[PDB]
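Structure first, commentary second.
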Amino acid sequence: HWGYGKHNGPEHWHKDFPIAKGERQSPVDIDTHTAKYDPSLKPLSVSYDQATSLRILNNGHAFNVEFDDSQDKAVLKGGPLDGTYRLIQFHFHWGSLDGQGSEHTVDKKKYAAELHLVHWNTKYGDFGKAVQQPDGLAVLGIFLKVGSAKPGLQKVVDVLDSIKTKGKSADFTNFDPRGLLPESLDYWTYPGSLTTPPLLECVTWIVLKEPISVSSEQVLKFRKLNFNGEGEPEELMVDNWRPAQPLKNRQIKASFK
């Protein structure tokens, strides 16, 4: 099945998922000089005070921090969005080395990692219905650079030893995703896709300009995870990023001057 290797990685995905060659694929390179400021864009509203994390999962590609999305508890609104989008999960993409790992790039610069907070449009009732719509999802993307530790990340890092291999999960309650946000909510936005199979073209991307800092020790703990299942040959979970895809007929808009 699909992954990140030489034989199953991103250049192969189109054979099982032909939309991989579609008109609105993600990620993309953000050319800061050509993204236009759009004064019609609103501030983003991130309302995570009542978020209810439940569990962390190693799904064999990344790890997912899952939320209770059975009520309007953790919602994204505003920005480029019409209506209300509910948080369902977050996950990261990262590299083998600090010079790579992000999916989006900024003027061809790759960050050490990228965090995706995934939200679905409440007007479609559930996530599975939402991904079938062009405005079904809003993903908040946040770059990670290596420097100072991010204290709000350490609880995630802490737990990774318990979910080393594919299919392992652990209780992960009371985790506050606000501790993963940068100071500014300035952003770029464009229409795109999920960055993993099935690559559905259902996402409004909101990519924050300001990266968060994490320490080398934090990232090094992500790179100790395994893509394999228990008792199978060890293959370190690194370089689980899709490279930039063609922009095609899209505009990237900036919320800031």
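Residue positions begin at 1 at the first shown residue.
Header entry for method reads X-ray crystallography, 1.2 Å.
A Cβ is built for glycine as well, from the same backbone N, Cα and C atoms used for every other residue.
Checking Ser47, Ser162, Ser216 against Swiss-Prot, you find phosphoserine recorded for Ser162. In Swiss-Prot, the Zn(2+) site is described by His91, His93, and among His104, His116 the residue recorded at this site is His116. Per Swiss-Prot, the annotated phosphoserine among residues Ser169, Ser193 corresponds to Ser169.
Highest Cβ count within 10 Å among the binding-site residues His91, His93: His93.
When the CA atoms are compared, no recorded positions among the candidates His91, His116, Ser162, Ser169 lie within 10 A of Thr196 (substrate binding site).
Annotated Zn(2+) site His91, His93, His116; additional same-chain residues within 8 Å of its Cβ mean position, judged by their own Cβ, are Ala62, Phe90, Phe92, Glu103, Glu114, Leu115, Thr195.
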